[PDB]
Amino acid sequence: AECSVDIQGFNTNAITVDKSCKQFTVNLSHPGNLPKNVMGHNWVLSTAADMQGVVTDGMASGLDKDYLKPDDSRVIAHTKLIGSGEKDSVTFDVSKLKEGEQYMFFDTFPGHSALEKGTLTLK
Ligand SMILES: [Cu+2]
Ligand SMILES: [Cu+2]
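Heads up: these notes are all about the structure in this document.

Some thoughts on the coordination of the copper ion (ligand 2)
Note on the copper ion (ligand 2): its protein donors are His-41 (ND1), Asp-107 (OD), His-112 (ND1) and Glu-116 (OE). The metal-donor distances range over 1.8 to 2.2 Å. Around the copper ion (ligand 2) sit four donor atoms; with metal-centred angles ranging over 78 to 133 degrees, the donor geometry is irregular. Sequence positions of the residues that donate to the copper ion (ligand 2) give the spacing H-x65-D-x4-H-x3-E.

Considering the sheet that holds strand β5 (residues 77-78)
A sheet is described by the order of its strands in space; here five strands give the open sequence β2-β8-β7-β4-β5, paired in mixed fashion. Each edge of the sheet is formed by a strand with only one pairing partner; in this case those strands are β2 (14-17) and β5. Pairing between strand β4 (residues 44-47) and β5: two bridges, direction antiparallel. Residue pairing in the sheet places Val-44 in a bridge with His-78 of β5.

So, the packing of aromatic side chains
Evaluation of the coordinates by the stated rule reveals four aromatic pairs. A centroid spacing of 6.0 Å and a plane angle of 55 degrees characterise the contact between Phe-24 and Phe-92, whose relative ring orientation is tilted. Of the two residues, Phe-24 is situated in strand β3 (residues 23-29) and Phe-92 in strand β6 (residues 87-93); the sequence distance between them amounts to 68 residues. Given the relative accessible area of 2%, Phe-24 is considered buried. On the accessibility criterion, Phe-92 (5% relative accessible area) is buried. Taken together, the aromatic side chains of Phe-10, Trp-43 and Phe-105 make up a single cluster linked through ring pairs.

Basis of the calculations
- Positions are assigned from 1 on a per-chain basis following the written sequence, which can diverge from the numbering of the entry; residues without coordinates are not listed.
- Lettering of chains starts at A and numbering of ligands starts at 1, both following the order in which they are written.
- The basis for the side-chain values is all heavy atoms of the structure; hydrogens and waters are excluded.
- Any N, O or S atom lying within 2.8 Å of the metal counts as a donor, and for Na, K and Ca the limit rises to 3.2 Å; water is left out, so some sites can look incomplete.
- A four-donor site is called tetrahedral if each angle lies between 85 and 135 degrees; a four-donor site is square planar, and a six-donor site octahedral, when trans pairs exceed 155 degrees and the remaining angles lie between 65 and 115; all other cases are labelled irregular.
- Think of it this way: DSSP has to see at least two bridges between two strands before they count as a pair.
- Elements are defined by DSSP. Helices are runs of H or I of four residues or more, strands are runs of E of two residues or more, and each kind is numbered from the N terminus.
- Within 6.5 Å between ring centres, the rings of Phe, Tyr and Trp (the latter by its six-membered ring) count as paired, and their orientation is classed by plane angle as stacked under 30 degrees, edge-to-face over 60, tilted in between.
- Residue exposure (1.4 Å probe, protein chains only): buried if accessible area is under 20% of the type maximum, exposed if over 50%, otherwise partly exposed.

Spelled out as structure tokens, the structure:
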């Protein structure tokens with residue numbers, strides 16, 4: 001089945017990964033005209049349980065860490081932080097994913113998590 005998804009930064013509020021896929025790719029795109037540094041976006045994947053932890057410590061860490069705490073072991077996958085006309089794409093092992101667990105995708109650029117947030121599920 002398909003196992004890439006195109007996301008603009010969110011047009012989708014919800015991703016489902018086909019249980020039959022071995023890998024999965026998120027192509028992320030930035031729509032506007034502003035520098036990564038005043039209006040950059042990422043796509044981060046953690047379990048719902050961990051989302052808020054990744055976000056707050058990611059805010060605390062700088063632009064220079066792409067707004068993610070270094071060695072954050074609760075982050076399953078993510079795209080680089082990106083700005084205007086920059087695109088990024090992350091490909092992860094689907095074996096990292098457990099059917100019947102609730103995952104969240106989100107943006108860790110300060111504040112964007114309240115609107116740029118979604119659900120991903122292995123099904
Ligand atoms: Cu397939
Ligand atoms: Cu954003």
